[PDB]
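Down below is the structure, laid out as structure tokens.
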Amino acid sequence: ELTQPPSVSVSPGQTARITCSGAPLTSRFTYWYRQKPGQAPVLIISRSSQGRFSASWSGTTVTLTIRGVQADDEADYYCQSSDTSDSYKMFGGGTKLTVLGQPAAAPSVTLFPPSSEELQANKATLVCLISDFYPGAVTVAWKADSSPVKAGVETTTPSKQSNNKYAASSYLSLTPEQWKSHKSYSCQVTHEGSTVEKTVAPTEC
Amino acid sequence: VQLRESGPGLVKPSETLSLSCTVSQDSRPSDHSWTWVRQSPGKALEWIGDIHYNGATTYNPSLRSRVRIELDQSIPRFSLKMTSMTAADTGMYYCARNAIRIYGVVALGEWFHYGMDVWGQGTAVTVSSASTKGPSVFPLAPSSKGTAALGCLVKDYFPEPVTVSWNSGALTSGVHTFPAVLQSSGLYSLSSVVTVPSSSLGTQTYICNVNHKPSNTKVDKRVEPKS
């Protein structure tokens with residue numbers, strides 16, 4: 001097997017080093033890949049013959065060096081080789097590269113009421129879409145009028161966006177009667193101690 | 001060079017997974033090692049095996065007794081079968097080209113892998129006894145009152161994924177398709193929203209194209225301004 005550190009953290013502009021270690025590496029080439037959340041892997045170190053990325057061999061370890069690290073380099077990095085006997089190939093366990101010092105970003109929140117079509121199908125969903133926040137942690141509360149909603153809420157875990165900020169979704173399921181019974185509903189998104197609240201109302205366009 | 005996976009989305013426990021990968025625009029396909037890799041959710045890539053045009057295969061030793069890779073050179077397209085599927089096998093399955101460069105006599109081993117340089121987008125495989133279910137798609141109408149957000153709510157489907165395009169792929173700017181939520185029912189729902197110029201709400205038609213390959217269903221939903 002090939003072993004990598006689970007995590008490496010560096011600040012912008014600094015050089016990152018990620019190691020891959022294993023018995024095959026004394027005699028078998030080590031390839032490297034980067035994978036960002038929600039994407040397929042990308043080859044970053046090839047074997048070109050018998051610019052910020054390079055790799056260096058020493059015994060049972062190969063070191064990947066990333067020069068001039070920037071936020072867009074946040075990704076999981078995997079090494080890959082073949083066994084000494086030429087029987088199979090394998091990947092290491094991956095290293096998550098974190099770039100320190102990224103600025104906080106407040107969430108953007110869009111709240112949609114139930115569609116007329118859904119209501120006619122005897123269902124009602126409020127859709128609270130939350131994007132562009134950093135770090136990747138939010139809490140979501142719903143209110144019916146001014147009272148907390150104790151049932152019907154489904155919220156996703158935050159997921160990393162292409163711009164390195166995060167997104168999440170929260171859904172509130174209601175019956176059509178419940179939707180029409182209250183003056184308004186609100187989705188309240190708290191991040192870093194501050195809150196954005198969006199409201200929708202059945203009688204409002 | 002492009003690789004495109006096709007798979008069933010869902011496999012019943014104990015049954016056999018069958019995937020394929022179609023290769024396009026490779027002009028020396030017989031040189032390379034055509035590879036399958038998978039990734040359980042939140043876990044590392046795992047190499048499954050590969051095949052060469054001479055038909056020679058190699059496999060991950062922990063999976064060998066369950067897997068077979070085959071190659072149809074006429075397309076070309078290569079396949080993976082994996083028997084006795086369980087939830088342990090749920091994850092994303094990728095095909096890849098492990099490209100080879102040849103510098104001398106092949107029989108003397110005078111060649112080497114360049115690396116897995118071209119990857120498919122992956123096909124999601126869920127192992128479950130539950131039935132496939134296609135989505136119900138509802139419009140998320142733009143606010144009546146710069147820019148406006150409109151979208152599609154894609155409700156109540158299983159298994160993952162759905163893909164969403166807008167205006168048959170003509171509209172890409174401002175599109176944000178959110179990861180799905182998993183409901184207590186075991187179905188998924190997601191939303192796709194596009195931010196558009198308000199001036200276009202009268203003039204431009206907006207249609208979300210929601211593809212759910214596991215149920216062989218595609219829904220093209222027109223999203224109009226509120227009445």
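In the structure tokens, chains take the letters A, B, ... in the order shown, each chain's residues start at 1, and ligands count up from 1 in the order shown.
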
For chain B, which residues have at least one atom within 8 Å of chain A, if we go by only C-alpha atoms? Write them as an MDAnalysis selection string, please.
chainID B and resid 43:47 49 58:61 94 101 103 111:122 138:141 143:144 178:183 226

Among range 16-220 of chain B, which ones does DSSP assign to alpha helix (DSSP H) (computed from the backbone)? Answer as a ChimeraX atom specification.
/B:200-203

Dump of N, CA and C atoms for the selected residues, as a tab-separated table (two decimals), in the first residue's frame:
chain	number	residue	atom	x	y	z
B	200	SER	N	-34.87	39.89	-19.72
B	200	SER	CA	-35.11	38.72	-20.56
B	200	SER	C	-36.33	37.94	-20.13
B	201	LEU	N	-36.93	38.27	-18.99
B	201	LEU	CA	-38.04	37.48	-18.49
B	201	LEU	C	-39.25	37.56	-19.40
B	202	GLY	N	-39.46	38.69	-20.07
B	202	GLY	CA	-40.52	38.76	-21.05
B	202	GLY	C	-40.19	38.01	-22.33
B	203	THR	N	-38.93	38.11	-22.77
B	203	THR	CA	-38.53	37.75	-24.12
B	203	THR	C	-37.94	36.35	-24.26

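Interatomic distance, CA of residue 188 in chain B against CA of residue 155 in chain B: 6.7 Å.
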
Between B:71, B:80, B:162, B:170, smallest distance to residue 217 in chain B by only C-alpha atoms belongs to B:162

For residue 73 in chain A, find every residue with an atom within 10 Å (counting only C-alpha atoms), except residues of its own chain fewer than 6 positions away, and show them as a ChimeraX atom specification.
/A:12,34-36,66,97-99,164

All residues 8 Å or closer to residue 133 in chain A, only C-alpha atoms, same chain fewer than 2 positions away omitted, as a ChimeraX atom specification
/A:104-108,130-131,135-136,165-167

Writer output for current selection, N, CA, C and O atoms, as a CSV table (one decimal), in the first residue's frame:
chain,number,residue,atom,x,y,z
A,104,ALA,N,-13.4,35.3,5.2
A,104,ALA,CA,-14.8,34.9,5.5
A,104,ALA,C,-15.7,35.5,4.4
A,104,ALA,O,-15.5,36.5,3.8
A,105,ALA,N,-16.8,34.7,4.1
A,105,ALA,CA,-17.8,35.2,3.1
A,105,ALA,C,-19.2,34.9,3.7
A,105,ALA,O,-19.4,33.7,4.1
A,106,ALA,N,-20.0,35.9,3.6
A,106,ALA,CA,-21.4,35.7,4.1
A,106,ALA,C,-22.3,35.0,3.1
A,106,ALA,O,-22.1,35.2,1.9
A,107,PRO,N,-23.3,34.3,3.5
A,107,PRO,CA,-24.1,33.5,2.6
A,107,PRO,C,-25.1,34.4,1.8
A,107,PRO,O,-25.6,35.4,2.3
A,108,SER,N,-25.3,34.1,0.6
A,108,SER,CA,-26.4,34.6,-0.2
A,108,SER,C,-27.5,33.6,-0.1
A,108,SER,O,-27.3,32.4,-0.2
A,130,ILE,N,-28.7,28.4,-0.4
A,130,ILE,CA,-27.7,29.1,0.4
A,130,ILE,C,-26.3,28.9,-0.3
A,130,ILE,O,-25.9,27.8,-0.5
A,131,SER,N,-25.7,30.0,-0.7
A,131,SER,CA,-24.5,29.9,-1.5
A,131,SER,C,-23.4,30.9,-1.1
A,131,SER,O,-23.7,31.9,-0.4
A,135,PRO,N,-16.2,30.2,6.2
A,135,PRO,CA,-16.0,28.8,6.0
A,135,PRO,C,-17.2,28.0,5.8
A,135,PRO,O,-18.3,28.6,5.9
A,136,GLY,N,-17.1,26.7,5.6
A,136,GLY,CA,-18.2,25.9,5.2
A,136,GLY,C,-19.1,25.3,6.3
A,136,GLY,O,-19.2,24.1,6.5
A,165,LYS,N,-15.9,28.7,-2.2
A,165,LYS,CA,-16.9,28.9,-1.2
A,165,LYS,C,-17.9,27.7,-1.2
A,165,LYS,O,-17.7,26.8,-1.9
A,166,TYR,N,-18.8,27.7,-0.3
A,166,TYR,CA,-19.7,26.6,0.0
A,166,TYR,C,-21.2,26.9,-0.3
A,166,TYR,O,-21.6,28.1,-0.3
A,167,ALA,N,-21.9,25.9,-0.5
A,167,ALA,CA,-23.4,25.9,-0.8
A,167,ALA,C,-24.1,24.9,0.0
A,167,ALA,O,-23.5,23.8,0.4
